[PDB]
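Participant: Before I ask anything, here is the structure I am working with.
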Amino acid sequence: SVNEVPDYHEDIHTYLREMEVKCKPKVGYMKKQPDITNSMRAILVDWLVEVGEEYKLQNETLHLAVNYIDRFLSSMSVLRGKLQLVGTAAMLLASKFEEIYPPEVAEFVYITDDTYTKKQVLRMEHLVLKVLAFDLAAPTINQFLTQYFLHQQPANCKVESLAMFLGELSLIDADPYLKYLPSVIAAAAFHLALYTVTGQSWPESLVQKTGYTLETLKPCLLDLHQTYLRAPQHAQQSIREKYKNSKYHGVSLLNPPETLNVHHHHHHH
Amino acid sequence: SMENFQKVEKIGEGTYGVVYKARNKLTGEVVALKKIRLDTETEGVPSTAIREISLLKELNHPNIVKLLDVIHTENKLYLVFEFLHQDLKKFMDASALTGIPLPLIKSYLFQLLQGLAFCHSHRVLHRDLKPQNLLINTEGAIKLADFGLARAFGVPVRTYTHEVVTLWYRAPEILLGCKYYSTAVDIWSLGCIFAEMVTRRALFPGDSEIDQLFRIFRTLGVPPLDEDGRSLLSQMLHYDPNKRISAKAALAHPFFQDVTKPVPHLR
Ligand SMILES: CC[C@H](CO)Nc1nc(NCc2ccccc2)c2ncn(C(C)C)c2n1
């Protein structure tokens with residue numbers, strides 16, 4: 001029905017595919033940050049996951065905040081002691097954009113444990129808006145996933161939760177995930193979740209919609225599979241903890257598949 | 001930062017901020033300035049501004065008001081908009097006795113649907129389509145304005161803010177508090193506006209939520225409108241949000257086969 005916007009979904013998909021290219025952060029950016037690293041970024045993103053859980057925020061808000069952080073850090077050098085300030089302001093901005101009831105500024109100050117002042121958070125909010133030129137309506141993995149989910153017959157709640165779990169894991173690790181577009185990560189996440197739960201593969205109807213085949217998705221899929229396998233040993237554990245809950249059907253407790261059983265023509269493969 | 005602008009008169013106050021008519025002293029351009037106060041020690045930049053600026057920077061269409069510049073001071077934000085001479089509410093009031101010619105009504109509705117189709121195609125719900133937010137110029141154009149209550153939506157939609165759309169233009173699915181609402185809510189509003197252009201009276205001027213619902217129940221269960229007009233209107237005001245016509249489909253309706261672009265009709 002109209003909640004699925006039949007007359008516009010294809011226009012919207014085409015537009016989002018245009019915009020994700022324009023909203024893409026710089027792939028190499030951390031190499032050009034003298035004071036911060038991918039490991040520090042992982043700590044920050046993992047913390048934002050915790051914040052999102054604590055304040056019961058939308059996963060979309062979390063994805064938006066990460067996009068803002070990566071775009072900001074693509075343009076602006078930030079010292080280590082100020083990284084969490086960028087993150088806090090990003091999460092505040094994402095919340096104002098996306099949430100019906102965003103937390104008040106005082107709650108964002110509280111979550112940072114009084115390292116920063118309220119003035120600092122507010123001034124950083126303004127700086128982030130300037131640097132991003134108010135361009136905050138970024139396409140997320142989540143936005144593509146919900147569109148992909150409509151191709152289920154019927155809907156599978158464990159598939160949906162696991163795909164979201166895998167998409168979320170990708171936010172933690174700039175290497176490799178910065179080189180992949182949200183539509184591609186969502187596609188690889190959907191396939192991997194579909195296969196883990198049901199044994200099914202990336203649907204033909206989504207091949208026609210997205211133009212993505214398992215062949216084009218392979219590099220991202222192989223990365224995501226490895227991330228999934230190594231997940232219980234990752235330094236960052238908030239997403240796994242989150243997805244143990246009944247809300248997400250305890251999908252982080254599921255065993256990842258040992259192999260993807262992808263097509264290999266050679267006898268020795 | 002605002003040295004080049006000379007304020008002329010106060011225009012009014014919309015969803016947020018204050019709007020002034022101003023002139024650019026260097027280029028001669030007449031603009032509308034929306035002044036937004038921050039809030040620098042408490043809540044920062046309002047979500048209304050964040051949404052309107054972000055979305056209006058994306059939305060470039062003849063029937064959506066043009067955002068020209070954002071001037072980013074420490075304590076205030078100034079949005080520079082194109083100036084439009086009149087709003088549709090004032091125009092209808094000015095036309096209370098004369099009426100509005102059908103070709104202009106048809107042109108305005110066609111353009112509003114073009115603008116709205118553009119919004120929905122770019123995942124934006126307006127959610128505040130009332131005559132006060134529809135702006136007209138001397139050349140026959142009409143444009144959507146005040147995106148303070150607008151929202152970028154996902155597919156499929158999830159639950160959004162309930163306190164949306166001023167009472168008179170509020171779709172039944174909002175009034176009854178359905179957990180989901182979509183692009184259909186904007187169509188309802190434009191249907192109400194269509195009727196209001198024909199009569200120069202609000203279609204459902206409810207005094208309360210119950211009165212609002214009763215007024216809707218009466219009518220569905222506009223004299224001077226032809227068969228094609230009433231056909232389109234009934235489809236724009238369908239009770240079922242699923243059955244309600246889309247802006248896209250509305251543009252293809254027989255009512256518009258002979259559409260032109262007349263000039264108002266009053267100054
Ligand atoms: C939409 C509501 C806004 C504030 O009442 N009114 C308004 N009205 C506008 N024009 C109508 C008008 C002109 C002069 C006086 C009163 C109203 C106008 N033009 C550009 N802009 C914007 C989008 C900042 C305009 N805004």
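Going through the structure tokens in order, the chains are called A, B, and so on, while each chain numbers its residues from 1 and the ligands are numbered from 1 in the order shown.
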Let me have all residues with an atom within 8 Å of ligand 1, counting only C-alpha atoms and all ligand atoms, laid out as a ChimeraX atom specification.

Facilitator: /B:9-15,18-21,31-34,65-67,79-87,132-136,145-146

Participant: Once you count only C-alpha atoms, which residues of chain B turn out to be within 7 Å of chain A? Could you give them as a PDB file with N, CA and C atoms, in the first residue's frame?

Facilitator:
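Printed below is part-v3.pdb as written:
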ATOM      1  N   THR B  40      22.401  29.254  21.719  1.00  0.00           N
ATOM      2  CA  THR B  40      23.813  28.886  21.837  1.00  0.00           C
ATOM      3  C   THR B  40      24.286  28.390  23.221  1.00  0.00           C
ATOM      4  N   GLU B  41      23.453  28.544  24.250  1.00  0.00           N
ATOM      5  CA  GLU B  41      23.783  28.075  25.602  1.00  0.00           C
ATOM      6  C   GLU B  41      22.849  26.957  26.052  1.00  0.00           C
ATOM      7  N   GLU B  43      19.876  24.726  23.567  1.00  0.00           N
ATOM      8  CA  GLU B  43      19.505  23.609  22.696  1.00  0.00           C
ATOM      9  C   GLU B  43      20.157  23.589  21.299  1.00  0.00           C
ATOM     10  N   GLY B  44      20.897  24.645  20.971  1.00  0.00           N
ATOM     11  CA  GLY B  44      21.585  24.763  19.686  1.00  0.00           C
ATOM     12  C   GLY B  44      20.662  25.019  18.507  1.00  0.00           C
ATOM     13  N   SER B  47      15.831  21.581  15.194  1.00  0.00           N
ATOM     14  CA  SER B  47      15.618  20.495  14.233  1.00  0.00           C
ATOM     15  C   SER B  47      14.832  20.962  13.006  1.00  0.00           C
ATOM     16  N   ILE B  50      17.363  22.497  10.717  1.00  0.00           N
ATOM     17  CA  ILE B  50      18.234  21.438  10.197  1.00  0.00           C
ATOM     18  C   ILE B  50      17.541  20.697   9.049  1.00  0.00           C
ATOM     19  N   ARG B  51      16.284  20.320   9.268  1.00  0.00           N
ATOM     20  CA  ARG B  51      15.497  19.637   8.245  1.00  0.00           C
ATOM     21  C   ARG B  51      15.190  20.529   7.042  1.00  0.00           C
ATOM     22  N   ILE B  53      16.674  23.307   5.885  1.00  0.00           N
ATOM     23  CA  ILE B  53      17.878  23.650   5.123  1.00  0.00           C
ATOM     24  C   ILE B  53      18.391  22.438   4.341  1.00  0.00           C
ATOM     25  N   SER B  54      18.529  21.302   5.017  1.00  0.00           N
ATOM     26  CA  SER B  54      19.070  20.100   4.376  1.00  0.00           C
ATOM     27  C   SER B  54      18.228  19.692   3.169  1.00  0.00           C
ATOM     28  N   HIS B 120       7.831  13.942  -3.168  1.00  0.00           N
ATOM     29  CA  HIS B 120       7.619  12.532  -2.854  1.00  0.00           C
ATOM     30  C   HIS B 120       8.605  11.628  -3.590  1.00  0.00           C
ATOM     31  N   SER B 121       8.960  12.017  -4.818  1.00  0.00           N
ATOM     32  CA  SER B 121       9.969  11.320  -5.635  1.00  0.00           C
ATOM     33  C   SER B 121      11.375  11.407  -5.040  1.00  0.00           C
ATOM     34  N   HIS B 122      11.574  12.399  -4.173  1.00  0.00           N
ATOM     35  CA  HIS B 122      12.841  12.625  -3.486  1.00  0.00           C
ATOM     36  C   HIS B 122      12.720  12.364  -1.978  1.00  0.00           C
ATOM     37  N   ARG B 123      11.816  11.449  -1.628  1.00  0.00           N
ATOM     38  CA  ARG B 123      11.540  10.998  -0.243  1.00  0.00           C
ATOM     39  C   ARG B 123      11.323  12.086   0.825  1.00  0.00           C
ATOM     40  N   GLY B 154      11.606   7.051   4.819  1.00  0.00           N
ATOM     41  CA  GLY B 154      12.218   5.826   4.320  1.00  0.00           C
ATOM     42  C   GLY B 154      11.152   4.979   3.655  1.00  0.00           C
ATOM     43  N   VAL B 155      11.585   3.949   2.932  1.00  0.00           N
ATOM     44  CA  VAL B 155      10.668   3.027   2.254  1.00  0.00           C
ATOM     45  C   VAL B 155      10.904   1.617   2.798  1.00  0.00           C
ATOM     46  N   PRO B 156       9.898   1.035   3.481  1.00  0.00           N
ATOM     47  CA  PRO B 156       8.607   1.638   3.801  1.00  0.00           C
ATOM     48  C   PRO B 156       8.746   2.637   4.943  1.00  0.00           C
ATOM     49  N   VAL B 157       7.748   3.501   5.094  1.00  0.00           N
ATOM     50  CA  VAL B 157       7.737   4.471   6.182  1.00  0.00           C
ATOM     51  C   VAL B 157       7.729   3.766   7.532  1.00  0.00           C
ATOM     52  N   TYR B 160       6.127   8.309  12.379  1.00  0.00           N
ATOM     53  CA  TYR B 160       6.691   9.652  12.515  1.00  0.00           C
ATOM     54  C   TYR B 160       5.873  10.477  13.506  1.00  0.00           C
ATOM     55  N   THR B 161       6.220  11.757  13.628  1.00  0.00           N
ATOM     56  CA  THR B 161       5.554  12.678  14.549  1.00  0.00           C
ATOM     57  C   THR B 161       4.081  12.765  14.248  1.00  0.00           C
ATOM     58  N   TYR B 181       1.595   6.834   8.536  1.00  0.00           N
ATOM     59  CA  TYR B 181       1.047   7.695   7.492  1.00  0.00           C
ATOM     60  C   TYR B 181       2.140   7.955   6.457  1.00  0.00           C
ATOM     61  N   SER B 182       1.728   8.271   5.238  1.00  0.00           N
ATOM     62  CA  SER B 182       2.670   8.374   4.134  1.00  0.00           C
ATOM     63  C   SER B 182       2.380   9.587   3.248  1.00  0.00           C
ATOM     64  N   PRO B 241      -6.099   5.819   2.588  1.00  0.00           N
ATOM     65  CA  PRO B 241      -4.815   6.363   2.115  1.00  0.00           C
ATOM     66  C   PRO B 241      -4.216   5.545   0.961  1.00  0.00           C
ATOM     67  N   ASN B 242      -4.501   4.240   0.949  1.00  0.00           N
ATOM     68  CA  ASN B 242      -4.081   3.340  -0.131  1.00  0.00           C
ATOM     69  C   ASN B 242      -4.766   3.621  -1.463  1.00  0.00           C
TER      70      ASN B 242
END

Participant: If we count only C-alpha atoms and set the cut-off at 10 Å, which residues sit around stretch 213-229 of chain A, ignoring sequence neighbours fewer than 2 positions away in its own chain? Please answer as a ChimeraX atom specification.

Facilitator: /A:165-167,169-170,173,175-177,179-181,184-192,201-204,206-208,210-211,231-234,252,255-260,262-263

Participant: Out of A:140, A:88, A:67, A:196, which residue has the shortest atom-to-atom distance to residue A:51 when counting only C-alpha atoms?

Facilitator: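 Among A:140, A:88, A:67, A:196, it is A:88 that comes nearest to residue A:51.
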
Participant: With DSSP run on the backbone, what are the helix (DSSP H, G or I) residues within stretch 9-212 of chain B? I'd like them as a ChimeraX atom specification.

Facilitator: /B:47-58,88-94,102-121,131-133,167-169,172-175,184-199,209-212

Participant: If you run DSSP over the backbone, which residues in stretch 7-235 of chain B end up strand (DSSP E or B)? Put them as a PyMOL selection string.

Facilitator: chain B and resi 7-12+18-24+30-37+64+67-72+76-82+86-87+124-125+134-136+142-144+151-152

Participant: List the neighbours of residue B:251 out to 9 Å using only C-alpha atoms; skip same-chain residues closer than 2 positions along the sequence, and give me the result as a compact mmCIF listing (two decimals) with C-alpha atoms, in the first residue's frame.

Facilitator:
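out_30.txt, written as the output of this step:
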# COMPACT_ATOMS: atom_id res chain seq x y z
CA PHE B 110 -1.24 21.41 -11.65
CA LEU B 113 1.04 18.59 -7.83
CA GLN B 114 4.25 18.95 -9.90
CA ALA B 117 5.37 14.88 -6.96
CA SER B 246 -0.84 10.06 -5.90
CA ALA B 247 0.54 13.38 -7.16
CA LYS B 248 2.03 11.54 -10.16
CA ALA B 249 -1.29 9.94 -11.12
CA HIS B 253 -5.97 13.21 -14.84
CA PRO B 254 -8.38 14.41 -17.63
CA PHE B 255 -8.92 17.65 -15.62
CA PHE B 256 -5.48 18.89 -16.74

Participant: So how many Å separate atom CA of residue B:76 and atom CA of residue B:166, to one decimal?

Facilitator: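 Between atom CA of residue B:76 and atom CA of residue B:166 the gap is 27.5 Å.
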
Participant: Please report the interatomic distance between atom CA of residue B:96 and atom CA of residue B:229 in Å with one decimal.

Facilitator: 20.2 Å

Participant: Would you kindly return, as number ranges by chain, each protein, DNA or RNA residue with an atom no farther than 12 Å from any atom of residue A:53, considering only C-alpha atoms and excluding same-chain residues fewer than 6 positions away?

Facilitator: A: 46-47, 59, 61-62, 238-239, 241-243, 245, 247

Participant: Next, write the just-selected residues to a file, as a PDB file, in the first residue's frame, keeping N, CA and C atoms as the atom set.

Facilitator:
ATOM      1  N   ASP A  46      31.601   2.275  18.327  1.00  0.00           N
ATOM      2  CA  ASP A  46      31.103   1.311  19.304  1.00  0.00           C
ATOM      3  C   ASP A  46      30.427   2.042  20.462  1.00  0.00           C
ATOM      4  N   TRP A  47      31.004   3.166  20.874  1.00  0.00           N
ATOM      5  CA  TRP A  47      30.399   3.973  21.926  1.00  0.00           C
ATOM      6  C   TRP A  47      29.041   4.542  21.484  1.00  0.00           C
ATOM      7  N   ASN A  59      18.129   2.889  14.764  1.00  0.00           N
ATOM      8  CA  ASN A  59      19.374   2.488  14.113  1.00  0.00           C
ATOM      9  C   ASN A  59      19.742   3.457  12.984  1.00  0.00           C
ATOM     10  N   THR A  61      19.498   6.605  13.015  1.00  0.00           N
ATOM     11  CA  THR A  61      20.187   7.728  13.660  1.00  0.00           C
ATOM     12  C   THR A  61      21.679   7.415  13.830  1.00  0.00           C
ATOM     13  N   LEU A  62      21.953   6.183  14.249  1.00  0.00           N
ATOM     14  CA  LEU A  62      23.313   5.684  14.401  1.00  0.00           C
ATOM     15  C   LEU A  62      24.052   5.737  13.063  1.00  0.00           C
ATOM     16  N   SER A 238      29.922  -3.982  21.431  1.00  0.00           N
ATOM     17  CA  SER A 238      28.595  -3.432  21.742  1.00  0.00           C
ATOM     18  C   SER A 238      27.497  -3.870  20.782  1.00  0.00           C
ATOM     19  N   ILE A 239      27.829  -4.013  19.502  1.00  0.00           N
ATOM     20  CA  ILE A 239      26.841  -4.456  18.519  1.00  0.00           C
ATOM     21  C   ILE A 239      26.425  -5.920  18.781  1.00  0.00           C
ATOM     22  N   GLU A 241      26.552  -7.485  21.716  1.00  0.00           N
ATOM     23  CA  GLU A 241      25.748  -7.410  22.944  1.00  0.00           C
ATOM     24  C   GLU A 241      24.320  -6.950  22.667  1.00  0.00           C
ATOM     25  N   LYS A 242      24.200  -5.899  21.858  1.00  0.00           N
ATOM     26  CA  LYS A 242      22.913  -5.352  21.439  1.00  0.00           C
ATOM     27  C   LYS A 242      22.041  -6.393  20.734  1.00  0.00           C
ATOM     28  N   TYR A 243      22.631  -7.123  19.789  1.00  0.00           N
ATOM     29  CA  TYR A 243      21.874  -8.051  18.950  1.00  0.00           C
ATOM     30  C   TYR A 243      21.656  -9.452  19.561  1.00  0.00           C
ATOM     31  N   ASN A 245      19.780  -9.477  22.223  1.00  0.00           N
ATOM     32  CA  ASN A 245      18.473  -9.195  22.807  1.00  0.00           C
ATOM     33  C   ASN A 245      17.301  -9.726  21.979  1.00  0.00           C
ATOM     34  N   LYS A 247      14.614  -8.269  21.198  1.00  0.00           N
ATOM     35  CA  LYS A 247      14.184  -7.225  20.265  1.00  0.00           C
ATOM     36  C   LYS A 247      14.703  -7.517  18.858  1.00  0.00           C
TER      37      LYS A 247
END
